[PDB]
>>> print(open('coords-v2.pdb').read())   # PDB, C-alpha atoms (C1' of nucleotides)
ATOM      1  CA  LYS A   1       0.000   0.000   0.000
ATOM      2  CA  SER A   2       2.899   2.383   0.694
ATOM      3  CA  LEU A   3       6.664   2.783   1.050
ATOM      4  CA  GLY A   4       6.324   2.430   4.831
ATOM      5  CA  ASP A   5       4.221  -0.700   4.395
ATOM      6  CA  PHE A   6       7.040  -1.985   2.163
ATOM      7  CA  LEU A   7       9.831  -1.218   4.669
ATOM      8  CA  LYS A   8       8.196  -2.492   7.914
ATOM      9  CA  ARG A   9       7.151  -5.694   6.089
ATOM     10  CA  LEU A  10      10.401  -6.443   4.260
ATOM     11  CA  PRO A  11      13.154  -5.605   6.748
ATOM     12  CA  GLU A  12      16.664  -4.238   6.075
ATOM     13  CA  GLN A  13      17.832  -7.742   6.941
ATOM     14  CA  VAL A  14      16.358  -8.977   3.645
ATOM     15  CA  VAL A  15      16.211  -5.879   1.374
ATOM     16  CA  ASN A  16      19.154  -3.679   2.371
ATOM     17  CA  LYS A  17      19.519   0.092   1.802
ATOM     18  CA  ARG A  18      21.734  -0.409  -1.247
ATOM     19  CA  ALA A  19      19.021  -2.603  -2.858
ATOM     20  CA  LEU A  20      16.161  -0.265  -1.840
ATOM     21  CA  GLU A  21      17.854   2.683  -3.598
ATOM     22  CA  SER A  22      18.032   1.028  -7.012
ATOM     23  CA  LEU A  23      14.573  -0.467  -6.553
ATOM     24  CA  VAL A  24      13.357   3.175  -6.443
ATOM     25  CA  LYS A  25      15.683   4.220  -9.262
ATOM     26  CA  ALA A  26      14.549   1.349 -11.514
ATOM     27  CA  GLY A  27      10.927   2.376 -10.939
ATOM     28  CA  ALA A  28       9.697  -0.532  -8.841
ATOM     29  CA  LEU A  29       8.335   1.860  -6.223
ATOM     30  CA  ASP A  30       6.936   4.498  -8.616
ATOM     31  CA  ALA A  31       3.392   3.585  -7.474
ATOM     32  CA  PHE A  32       4.104   5.268  -4.105
ATOM     33  CA  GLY A  33       5.670   8.561  -5.267
ATOM     34  CA  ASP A  34       8.380  10.676  -6.854
ATOM     35  CA  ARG A  35      11.796   9.062  -7.145
ATOM     36  CA  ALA A  36      13.639  11.997  -5.497
ATOM     37  CA  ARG A  37      11.030  12.125  -2.757
ATOM     38  CA  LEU A  38      11.243   8.341  -2.184
ATOM     39  CA  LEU A  39      15.065   8.219  -2.167
ATOM     40  CA  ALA A  40      15.145  11.008   0.391
ATOM     41  CA  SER A  41      12.551   9.278   2.567
ATOM     42  CA  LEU A  42      14.501   5.972   2.741
ATOM     43  CA  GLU A  43      16.719   6.403   5.807
ATOM     44  CA  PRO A  44      13.973   8.247   7.820
ATOM     45  CA  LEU A  45      11.378   5.527   7.089
ATOM     46  CA  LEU A  46      14.044   2.801   7.592
ATOM     47  CA  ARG A  47      14.575   4.077  11.162
ATOM     48  CA  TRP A  48      10.753   4.155  11.426
ATOM     49  CA  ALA A  49      10.501   0.631  10.026
ATOM     50  CA  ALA A  50      13.090  -0.672  12.559
ATOM     51  CA  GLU A  51      11.275   1.288  15.273
ATOM     52  CA  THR A  52       7.938  -0.398  14.402
ATOM     53  CA  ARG A  53       9.344  -3.918  15.033
ATOM     54  CA  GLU A  54      10.639  -3.321  18.564
ATOM     55  CA  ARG A  55       7.182  -1.921  19.479
ATOM     56  CA  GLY A  56       5.728  -5.317  18.507
ATOM     57  CA  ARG A  57       8.812  -7.097  19.895
ATOM     58  CA  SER A  58       8.041  -5.923  23.476
ATOM     59  CA  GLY A  59       4.246  -6.093  23.913
ATOM     60  CA  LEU A  60       1.682  -4.026  21.979
ATOM     61  CA  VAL A  61       0.082  -4.951  18.613
ATOM     62  CA  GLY A  62      -0.898  -2.220  16.113
ATOM     63  CA  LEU A  63      -2.541   1.028  17.243
ATOM     64  CA  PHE A  64      -0.079   1.466  20.137
ATOM     65  CA  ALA A  65       2.595  -0.660  18.424
ATOM     66  CA  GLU A  66       2.598   1.616  15.345
ATOM     67  CA  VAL A  67       2.380   5.430  15.074
ATOM     68  CA  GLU A  68       1.416   5.209  11.396
ATOM     69  CA  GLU A  69       3.918   6.202   8.681
ATOM     70  CA  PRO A  70       4.660   9.930   8.375
ATOM     71  CA  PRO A  71       4.115  11.783   5.073
ATOM     72  CA  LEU A  72       6.841  11.265   2.428
ATOM     73  CA  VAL A  73       9.786  13.625   3.077
ATOM     74  CA  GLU A  74       9.710  16.396   0.453
ATOM     75  CA  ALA A  75      12.239  16.956  -2.319
ATOM     76  CA  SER A  76      12.508  18.518  -5.768
ATOM     77  CA  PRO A  77      11.457  16.427  -8.811
ATOM     78  CA  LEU A  78      14.307  14.859 -10.812
ATOM     79  CA  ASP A  79      15.163  16.141 -14.299
ATOM     80  CA  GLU A  80      15.061  13.575 -17.114
ATOM     81  CA  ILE A  81      18.846  13.652 -17.595
ATOM     82  CA  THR A  82      19.572  12.610 -13.966
ATOM     83  CA  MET A  83      16.433  10.437 -13.855
ATOM     84  CA  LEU A  84      17.406   8.346 -16.899
ATOM     85  CA  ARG A  85      20.944   8.216 -15.489
ATOM     86  CA  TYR A  86      19.540   6.387 -12.401
ATOM     87  CA  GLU A  87      17.515   3.990 -14.586
ATOM     88  CA  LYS A  88      20.680   2.962 -16.453
ATOM     89  CA  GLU A  89      22.450   2.483 -13.124
ATOM     90  CA  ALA A  90      19.557   0.462 -11.666
ATOM     91  CA  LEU A  91      18.660  -1.697 -14.728
ATOM     92  CA  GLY A  92      21.864  -1.712 -16.810
ATOM     93  CA  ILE A  93      20.008  -0.258 -19.822
ATOM     94  CA  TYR A  94      18.285   3.003 -20.705
ATOM     95  CA  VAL A  95      14.813   1.864 -19.755
ATOM     96  CA  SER A  96      11.936   4.224 -20.667
ATOM     97  CA  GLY A  97      13.423   7.001 -22.844
ATOM     98  CA  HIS A  98      16.858   8.185 -23.964
ATOM     99  CA  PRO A  99      18.427  11.332 -22.528
ATOM    100  CA  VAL A 100      18.796  12.713 -26.050
ATOM    101  CA  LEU A 101      15.019  12.886 -26.632
ATOM    102  CA  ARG A 102      14.570  15.758 -24.140
TER     103      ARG A 102
ATOM    104  CA  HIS B   1      -5.970   7.487  -3.566
ATOM    105  CA  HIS B   2      -4.048   7.421  -6.860
ATOM    106  CA  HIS B   3      -3.628  11.189  -6.955
ATOM    107  CA  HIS B   4      -2.198  11.238  -3.430
ATOM    108  CA  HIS B   5       0.392   8.668  -4.463
ATOM    109  CA  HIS B   6       1.753  10.901  -7.252
ATOM    110  CA  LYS B   7       2.932  13.422  -4.637
ATOM    111  CA  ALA B   8       6.252  15.072  -5.648
ATOM    112  CA  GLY B   9       7.599  17.571  -3.108
ATOM    113  CA  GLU B  10       5.050  20.350  -2.613
ATOM    114  CA  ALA B  11       3.287  19.479  -5.885
ATOM    115  CA  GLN B  12       0.267  17.738  -4.338
ATOM    116  CA  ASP B  13       0.611  20.075  -1.381
ATOM    117  CA  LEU B  14      -0.718  22.645  -3.872
ATOM    118  CA  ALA B  15      -3.255  20.250  -5.463
ATOM    119  CA  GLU B  16      -6.245  20.217  -3.063
ATOM    120  CA  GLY B  17      -6.891  23.788  -4.228
ATOM    121  CA  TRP B  18      -6.821  22.574  -7.868
ATOM    122  CA  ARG B  19      -9.709  20.147  -7.189
ATOM    123  CA  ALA B  20     -11.231  22.002  -5.375
ATOM    124  CA  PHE B  21     -14.209  21.375  -3.045
ATOM    125  CA  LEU B  22     -13.157  22.972   0.284
ATOM    126  CA  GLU B  23     -14.539  25.519   2.769
ATOM    127  CA  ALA B  24     -12.754  28.923   2.758
ATOM    128  CA  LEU B  25      -9.525  26.931   3.077
ATOM    129  CA  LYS B  26      -9.218  24.061   5.432
ATOM    130  CA  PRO B  27     -11.956  23.861   8.054
ATOM    131  CA  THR B  28     -11.534  20.366   9.370
ATOM    132  CA  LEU B  29      -8.554  18.374   8.288
ATOM    133  CA  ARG B  30      -5.025  18.656   6.925
ATOM    134  CA  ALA B  31      -7.096  18.140   3.794
ATOM    135  CA  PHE B  32      -7.159  16.766   0.995
ATOM    136  CA  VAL B  33     -10.870  16.236   1.622
ATOM    137  CA  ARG B  34     -11.041  13.753  -1.309
ATOM    138  CA  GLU B  35      -9.439  11.065   0.945
ATOM    139  CA  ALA B  36     -12.299  11.125   3.493
ATOM    140  CA  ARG B  37     -14.983  10.983   0.721
ATOM    141  CA  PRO B  38     -13.943   7.616  -0.825
ATOM    142  CA  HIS B  39     -13.384   6.157   2.659
ATOM    143  CA  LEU B  40     -16.993   7.141   3.438
ATOM    144  CA  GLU B  41     -18.032   5.445   0.203
ATOM    145  CA  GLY B  42     -15.758   2.407   0.724
ATOM    146  CA  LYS B  43     -14.578  -0.061  -1.769
ATOM    147  CA  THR B  44     -16.555   0.653  -4.808
ATOM    148  CA  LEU B  45     -20.284   0.695  -4.108
ATOM    149  CA  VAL B  46     -21.039  -1.030  -1.499
ATOM    150  CA  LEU B  47     -24.039  -0.204   0.541
ATOM    151  CA  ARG B  48     -22.689  -1.336   3.873
ATOM    152  CA  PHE B  49     -19.877   0.932   2.973
ATOM    153  CA  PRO B  50     -21.812   4.033   2.037
ATOM    154  CA  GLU B  51     -24.223   3.453   4.808
ATOM    155  CA  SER B  52     -21.774   3.101   7.606
ATOM    156  CA  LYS B  53     -20.935   6.823   7.809
ATOM    157  CA  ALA B  54     -24.566   7.696   7.003
ATOM    158  CA  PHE B  55     -25.839   5.573   9.955
ATOM    159  CA  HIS B  56     -23.507   7.418  12.377
ATOM    160  CA  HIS B  57     -24.804  10.905  11.521
ATOM    161  CA  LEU B  58     -18.813   9.150  -3.754
ATOM    162  CA  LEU B  59     -19.368  12.795  -4.830
ATOM    163  CA  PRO B  60     -23.078  13.234  -3.790
ATOM    164  CA  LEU B  61     -22.651  11.638  -0.333
ATOM    165  CA  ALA B  62     -20.129  14.450   0.170
ATOM    166  CA  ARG B  63     -22.701  16.958  -1.191
ATOM    167  CA  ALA B  64     -25.017  15.755   1.565
ATOM    168  CA  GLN B  65     -24.028  17.634   4.787
ATOM    169  CA  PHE B  66     -20.641  19.270   4.010
ATOM    170  CA  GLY B  67     -18.981  22.708   3.700
ATOM    171  CA  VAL B  68     -19.517  23.670   0.051
ATOM    172  CA  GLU B  69     -20.742  27.280  -0.144
ATOM    173  CA  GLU B  70     -17.392  29.111  -0.454
ATOM    174  CA  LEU B  71     -15.778  28.645  -3.914
ATOM    175  CA  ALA B  72     -11.957  28.701  -4.013
ATOM    176  CA  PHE B  73      -9.970  27.966  -7.201
ATOM    177  CA  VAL B  74     -11.587  26.260 -10.241
ATOM    178  CA  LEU B  75      -9.382  24.190 -12.611
ATOM    179  CA  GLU B  76      -7.138  22.101 -13.265
ATOM    180  CA  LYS B  77      -5.383  25.136 -14.957
ATOM    181  CA  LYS B  78      -6.707  28.228 -13.072
ATOM    182  CA  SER B  79      -3.630  28.896 -10.905
ATOM    183  CA  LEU B  80      -3.777  31.475  -8.062
ATOM    184  CA  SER B  81      -0.913  30.797  -7.811
ATOM    185  CA  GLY B  82       0.040  28.702  -5.776
ATOM    186  CA  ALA B  83       0.109  31.701  -3.400
ATOM    187  CA  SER B  84      -1.816  30.256  -0.435
ATOM    188  CA  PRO B  85      25.930  41.457 -17.510
ATOM    189  CA  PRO B  86      22.937  41.234 -19.900
ATOM    190  CA  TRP B  87      20.104  39.878 -17.670
ATOM    191  CA  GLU B  88      16.514  41.155 -18.125
ATOM    192  CA  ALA B  89      17.104  44.088 -18.233
ATOM    193  CA  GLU B  90      17.172  47.126 -17.935
ATOM    194  CA  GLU B  91      15.874  48.042 -15.158
ATOM    195  CA  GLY B  92      12.804  45.703 -15.021
ATOM    196  CA  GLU B  93       9.068  45.926 -14.271
ATOM    197  CA  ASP B  94       7.386  43.735 -15.579
ATOM    198  CA  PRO B  95       6.084  43.724 -18.421
ATOM    199  CA  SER B  96       9.503  43.245 -20.084
ATOM    200  CA  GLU B  97      11.403  46.232 -21.449
ATOM    201  CA  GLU B  98      14.139  44.684 -23.607
ATOM    202  CA  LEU B  99      12.841  41.252 -24.327
ATOM    203  CA  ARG B 100      10.937  39.016 -24.634
ATOM    204  CA  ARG B 101       8.745  37.172 -26.964
ATOM    205  CA  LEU B 102       5.513  38.215 -26.549
ATOM    206  CA  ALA B 103       3.448  35.500 -24.893
ATOM    207  CA  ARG B 104       3.920  33.714 -21.571
ATOM    208  CA  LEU B 105       7.321  35.302 -21.086
ATOM    209  CA  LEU B 106       6.297  38.213 -19.138
ATOM    210  CA  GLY B 107       4.844  35.759 -16.762
ATOM    211  CA  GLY B 108       8.253  34.251 -16.467
ATOM    212  CA  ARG B 109       9.776  37.646 -16.121
ATOM    213  CA  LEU B 110       7.229  38.513 -13.543
ATOM    214  CA  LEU B 111       8.281  35.508 -11.614
ATOM    215  CA  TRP B 112      11.998  36.227 -11.985
ATOM    216  CA  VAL B 113      13.186  39.342 -10.163
ATOM    217  CA  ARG B 114      15.725  38.848  -8.631
ATOM    218  CA  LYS B 115      18.745  38.515  -9.010
ATOM    219  CA  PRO B 116      20.897  35.544 -10.140
ATOM    220  CA  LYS B 117      21.300  35.249 -13.963
ATOM    221  CA  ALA B 118      22.031  31.849 -15.521
ATOM    222  CA  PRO B 119      21.746  29.848 -13.492
ATOM    223  CA  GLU B 120      20.510  27.875 -15.386
ATOM    224  CA  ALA B 121      18.283  26.166 -12.889
ATOM    225  CA  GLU B 122      15.761  23.581 -14.398
ATOM    226  CA  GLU B 123      17.783  22.509 -16.107
ATOM    227  CA  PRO B 124      18.460  24.240 -19.398
ATOM    228  CA  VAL B 125      18.023  25.672 -22.057
ATOM    229  CA  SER B 126      17.533  29.136 -23.365
ATOM    230  CA  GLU B 127      17.156  31.914 -21.083
ATOM    231  CA  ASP B 128      20.624  33.223 -20.574
ATOM    232  CA  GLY B 129      21.326  32.181 -24.134
ATOM    233  CA  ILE B 130      18.573  34.329 -25.519
ATOM    234  CA  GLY B 131      19.717  37.219 -23.423
ATOM    235  CA  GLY B 132      23.076  36.698 -24.966
ATOM    236  CA  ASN B 133      21.583  36.769 -28.400
ATOM    237  CA  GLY B 134      20.127  40.253 -27.713
ATOM    238  CA  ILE B 135      23.223  41.714 -26.169
ATOM    239  CA  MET B 136      24.381  40.239 -29.508
ATOM    240  CA  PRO B 137      22.384  42.475 -31.833
ATOM    241  CA  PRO B 138      23.432  45.411 -29.911
TER     242      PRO B 138
ATOM    243  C1'  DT C   1      41.680  -9.010 -33.997
ATOM    244  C1'  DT C   2      39.817  -5.396 -31.733
ATOM    245  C1'  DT C   3      35.065  -6.009 -30.017
ATOM    246  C1'  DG C   4      31.268  -7.458 -27.077
ATOM    247  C1'  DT C   5      29.332 -10.548 -23.829
ATOM    248  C1'  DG C   6      28.650 -14.022 -20.021
ATOM    249  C1'  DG C   7      30.605 -16.338 -16.356
ATOM    250  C1'  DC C   8      33.297 -16.310 -12.213
ATOM    251  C1'  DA C   9      36.585 -14.490  -8.897
ATOM    252  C1'  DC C  10      37.926 -10.302  -5.738
ATOM    253  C1'  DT C  11      36.986  -6.314  -2.741
ATOM    254  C1'  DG C  12      34.415  -3.687   0.531
ATOM    255  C1'  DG C  13      30.418  -2.807   3.709
ATOM    256  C1'  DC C  14      27.716  -4.508   6.748
ATOM    257  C1'  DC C  15      26.407  -7.992   9.960
ATOM    258  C1'  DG C  16      26.557 -11.663  13.350
ATOM    259  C1'  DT C  17      29.265 -14.731  15.841
ATOM    260  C1'  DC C  18      32.940 -15.986  19.068
ATOM    261  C1'  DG C  19      36.685 -15.160  22.227
ATOM    262  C1'  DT C  20      38.847 -12.504  25.384
ATOM    263  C1'  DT C  21      39.092  -9.269  29.242
ATOM    264  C1'  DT C  22      37.014  -7.119  32.882
ATOM    265  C1'  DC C  23      34.046  -6.733  36.821
ATOM    266  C1'  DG C  24      31.175  -8.692  40.553
TER     267       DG C  24
ATOM    268  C1'  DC D   1      34.768 -18.364  39.987
ATOM    269  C1'  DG D   2      31.107 -17.048  36.437
ATOM    270  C1'  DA D   3      28.598 -13.733  33.701
ATOM    271  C1'  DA D   4      28.674 -10.020  30.642
ATOM    272  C1'  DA D   5      30.072  -6.734  27.303
ATOM    273  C1'  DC D   6      33.200  -5.161  23.895
ATOM    274  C1'  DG D   7      36.161  -5.860  19.895
ATOM    275  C1'  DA D   8      38.012  -8.776  16.479
ATOM    276  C1'  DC D   9      37.156 -11.332  12.290
ATOM    277  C1'  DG D  10      34.921 -14.206   9.141
ATOM    278  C1'  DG D  11      31.666 -14.651   5.632
ATOM    279  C1'  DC D  12      28.194 -13.407   3.148
ATOM    280  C1'  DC D  13      26.255 -10.873  -0.141
ATOM    281  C1'  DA D  14      26.702  -7.667  -3.653
ATOM    282  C1'  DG D  15      29.065  -4.698  -6.998
ATOM    283  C1'  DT D  16      32.704  -5.043  -9.789
ATOM    284  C1'  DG D  17      36.597  -6.596 -13.171
ATOM    285  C1'  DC D  18      38.492  -9.857 -15.750
ATOM    286  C1'  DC D  19      39.187 -13.111 -19.043
ATOM    287  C1'  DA D  20      37.658 -16.546 -22.185
TER     288       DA D  20
END
>>> encode(input="coords-v2.pdb", output="structure tokens")
Amino acid sequence: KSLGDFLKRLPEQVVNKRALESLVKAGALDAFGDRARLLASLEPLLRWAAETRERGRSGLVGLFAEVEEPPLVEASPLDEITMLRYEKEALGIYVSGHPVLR
Amino acid sequence: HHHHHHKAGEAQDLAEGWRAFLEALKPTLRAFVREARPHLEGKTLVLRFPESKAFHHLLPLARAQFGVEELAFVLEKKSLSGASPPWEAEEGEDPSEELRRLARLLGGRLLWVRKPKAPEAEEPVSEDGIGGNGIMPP
DNA sequence: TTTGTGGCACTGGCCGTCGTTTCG
DNA sequence: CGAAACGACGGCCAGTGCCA
């Protein structure tokens, strides 16, 4: 349902911060927001995701074991040149447009 | 909730106005309001879902008992705004007094002052370049 | 032969285990 | 004498570089 729902559910143990970055860059998480906004919100929501577990890992359940995800931390939209540069990094090929077509 | 997901910086921050359907800005919630209206509806139809909220007291359930008689923004295009060596030049007002061409440029000029140049800033292409061209038929 | 590609080995970053040293 | 807590180190995974 969200980036937070993705982080608290799949821990850093499994999907590490290095993997999460390119997963945003490749476009796998585009259904939750802007790439720049998502990338920025990684480490804050990661701390929040790790914080949600220890609430459940010492009593509590949901309402008191989870202060629901905060809004996505704001950032400027990426330009196509630096956006398509991340797609090549994340997928090994210029997926979805070539920088020259701008 | 698909429009809330598209959020990019302050873009959807200044998007509830573009809908609009508010009351003189913001009575009740850190709106959007269009996130409480589908929740009231629920799923797609479904009568338990519309009813639920109705028993306690998409678009026309909202029209029933809600703050509507105010009118702020319109489109979808309306704006407003979202307020709640060569350079220009000469000087500068606006409207422009050295360039520029003649539609939707003043608006840019209007926005501009001041005072960096370049820089370029999103990302390219023209602006300094065009200025250069004019300093160029001096 | 001068180019690209697919497999496999090497480094670094993080993580979790084990062993030692200290304190009670 | 035994428990704990801190630091070392392996290895594991991944990102890379090479060579066939």
>>> resolve_selection(input="coords-v2.pdb", expression="the PyMOL selection byres ((chain A and resi 84) around 12)", output="number ranges by chain")
A: 25-27, 35, 78-83, 85-102
>>> closest_atom_pairs(input="coords-v2.pdb", of="chain B", to="chain A", cutoff="9 Å", atoms="only C-alpha atoms", output="JSON lines")
{"residue": "B:2", "atom": "CA", "partner": "A:31", "partner_atom": "CA", "distance": 8.4}
{"residue": "B:4", "atom": "CA", "partner": "A:33", "partner_atom": "CA", "distance": 8.5}
{"residue": "B:5", "atom": "CA", "partner": "A:32", "partner_atom": "CA", "distance": 5.0}
{"residue": "B:6", "atom": "CA", "partner": "A:33", "partner_atom": "CA", "distance": 5.0}
{"residue": "B:7", "atom": "CA", "partner": "A:33", "partner_atom": "CA", "distance": 5.6}
{"residue": "B:8", "atom": "CA", "partner": "A:34", "partner_atom": "CA", "distance": 5.0}
{"residue": "B:9", "atom": "CA", "partner": "A:74", "partner_atom": "CA", "distance": 4.3}
{"residue": "B:10", "atom": "CA", "partner": "A:74", "partner_atom": "CA", "distance": 6.8}
{"residue": "B:122", "atom": "CA", "partner": "A:79", "partner_atom": "CA", "distance": 7.5}
{"residue": "B:123", "atom": "CA", "partner": "A:79", "partner_atom": "CA", "distance": 7.1}
>>> interface_residues(input="coords-v2.pdb", of="chain A", to="chain D", cutoff="12 Å", atoms="only C-alpha atoms (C1' of nucleotides)", output="list in words")
residues 13, 14, 15, 16, 17, 18, 19, 89 and 90 of chain A
>>> atom_distance(input="coords-v2.pdb", atom1="CA of residue 75 in chain B", atom2="CA of residue 58 in chain B")
19.8 Å
>>> residues_around(input="coords-v2.pdb", residues="range 62-64 of chain A", least_positions_apart="5", cutoff="10 Å", atoms="all atoms listed in the file", output="short mmCIF file (atom, residue, chain, number, x, y, z; two decimals) with C-alpha atoms, keeping the file's coordinate frame")
data_model
loop_
_atom_site.label_atom_id
_atom_site.label_comp_id
_atom_site.auth_asym_id
_atom_site.auth_seq_id
_atom_site.Cartn_x
_atom_site.Cartn_y
_atom_site.Cartn_z
CA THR A 52 7.94 -0.40 14.40
CA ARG A 55 7.18 -1.92 19.48
CA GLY A 56 5.73 -5.32 18.51
#
>>> atom_distance(input="coords-v2.pdb", atom1="CA of residue 11 in chain B", atom2="CA of residue 40 in chain B")
25.5 Å
>>> closest_residue(input="coords-v2.pdb", among="C:4, C:24, C:19, C:13", to="chain A", atoms="all atoms listed in the file")
C:13
>>> atom_distance(input="coords-v2.pdb", atom1="CA of residue 31 in chain B", atom2="CA of residue 49 in chain A")
25.6 Å
>>> closest_residue(input="coords-v2.pdb", among="B:78, B:48, B:56, B:39", to="residue 15 in chain B", atoms="all atoms listed in the file")
B:78
>>> closest_residue(input="coords-v2.pdb", among="C:2, C:10, C:16, C:22", to="chain A", atoms="all atoms listed in the file")
C:16
>>> closest_residue(input="coords-v2.pdb", among="A:12, A:3, A:40, A:60", to="chain C", atoms="all atoms listed in the file")
A:12
>>> build_atoms(input="coords-v2.pdb", residues="range 110-123 of chain B", atoms="N, CA, C and O atoms", output="PDB file, keeping the file's coordinate frame")
ATOM      1  N   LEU B 110       7.928  38.047 -14.685  1.00  0.00           N
ATOM      2  CA  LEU B 110       7.229  38.513 -13.543  1.00  0.00           C
ATOM      3  C   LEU B 110       7.697  37.706 -12.401  1.00  0.00           C
ATOM      4  O   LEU B 110       7.894  38.206 -11.314  1.00  0.00           O
ATOM      5  N   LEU B 111       7.856  36.427 -12.650  1.00  0.00           N
ATOM      6  CA  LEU B 111       8.281  35.508 -11.614  1.00  0.00           C
ATOM      7  C   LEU B 111       9.705  35.733 -11.109  1.00  0.00           C
ATOM      8  O   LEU B 111      10.028  35.420  -9.980  1.00  0.00           O
ATOM      9  N   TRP B 112      10.530  36.289 -11.975  1.00  0.00           N
ATOM     10  CA  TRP B 112      11.998  36.227 -11.985  1.00  0.00           C
ATOM     11  C   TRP B 112      12.671  37.065 -10.929  1.00  0.00           C
ATOM     12  O   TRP B 112      13.351  36.534 -10.046  1.00  0.00           O
ATOM     13  N   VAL B 113      12.497  38.379 -11.025  1.00  0.00           N
ATOM     14  CA  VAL B 113      13.186  39.342 -10.163  1.00  0.00           C
ATOM     15  C   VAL B 113      13.200  38.862  -8.711  1.00  0.00           C
ATOM     16  O   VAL B 113      12.132  38.667  -8.137  1.00  0.00           O
ATOM     17  N   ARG B 114      14.362  38.647  -8.091  1.00  0.00           N
ATOM     18  CA  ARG B 114      15.725  38.848  -8.631  1.00  0.00           C
ATOM     19  C   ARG B 114      16.675  38.154  -7.614  1.00  0.00           C
ATOM     20  O   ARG B 114      16.188  37.697  -6.570  1.00  0.00           O
ATOM     21  N   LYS B 115      17.992  38.042  -7.840  1.00  0.00           N
ATOM     22  CA  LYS B 115      18.745  38.515  -9.010  1.00  0.00           C
ATOM     23  C   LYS B 115      19.981  37.617  -9.194  1.00  0.00           C
ATOM     24  O   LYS B 115      21.036  37.886  -8.613  1.00  0.00           O
ATOM     25  N   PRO B 116      19.819  36.527  -9.950  1.00  0.00           N
ATOM     26  CA  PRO B 116      20.897  35.544 -10.140  1.00  0.00           C
ATOM     27  C   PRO B 116      21.579  35.488 -11.521  1.00  0.00           C
ATOM     28  O   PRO B 116      22.807  35.407 -11.567  1.00  0.00           O
ATOM     29  N   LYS B 117      20.799  35.503 -12.602  1.00  0.00           N
ATOM     30  CA  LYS B 117      21.300  35.249 -13.963  1.00  0.00           C
ATOM     31  C   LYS B 117      21.409  33.736 -14.180  1.00  0.00           C
ATOM     32  O   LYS B 117      21.039  32.969 -13.291  1.00  0.00           O
ATOM     33  N   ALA B 118      21.909  33.287 -15.333  1.00  0.00           N
ATOM     34  CA  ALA B 118      22.031  31.849 -15.521  1.00  0.00           C
ATOM     35  C   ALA B 118      20.677  31.280 -15.194  1.00  0.00           C
ATOM     36  O   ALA B 118      19.695  31.667 -15.812  1.00  0.00           O
ATOM     37  N   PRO B 119      20.605  30.353 -14.247  1.00  0.00           N
ATOM     38  CA  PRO B 119      21.746  29.848 -13.492  1.00  0.00           C
ATOM     39  C   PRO B 119      22.120  28.345 -13.578  1.00  0.00           C
ATOM     40  O   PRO B 119      23.054  27.954 -12.855  1.00  0.00           O
ATOM     41  N   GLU B 120      21.675  27.618 -14.590  1.00  0.00           N
ATOM     42  CA  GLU B 120      20.510  27.875 -15.386  1.00  0.00           C
ATOM     43  C   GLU B 120      19.276  27.637 -14.572  1.00  0.00           C
ATOM     44  O   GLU B 120      18.398  28.474 -14.500  1.00  0.00           O
ATOM     45  N   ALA B 121      19.287  26.510 -13.882  1.00  0.00           N
ATOM     46  CA  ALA B 121      18.283  26.166 -12.889  1.00  0.00           C
ATOM     47  C   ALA B 121      17.029  25.309 -13.127  1.00  0.00           C
ATOM     48  O   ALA B 121      16.242  25.275 -12.206  1.00  0.00           O
ATOM     49  N   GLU B 122      16.828  24.632 -14.268  1.00  0.00           N
ATOM     50  CA  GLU B 122      15.761  23.581 -14.398  1.00  0.00           C
ATOM     51  C   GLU B 122      15.429  22.929 -15.760  1.00  0.00           C
ATOM     52  O   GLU B 122      14.269  22.872 -16.146  1.00  0.00           O
ATOM     53  N   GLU B 123      16.410  22.406 -16.475  1.00  0.00           N
ATOM     54  CA  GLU B 123      17.783  22.509 -16.107  1.00  0.00           C
ATOM     55  C   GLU B 123      18.331  23.517 -17.063  1.00  0.00           C
ATOM     56  O   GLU B 123      18.896  24.505 -16.642  1.00  0.00           O
TER      57      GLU B 123
END
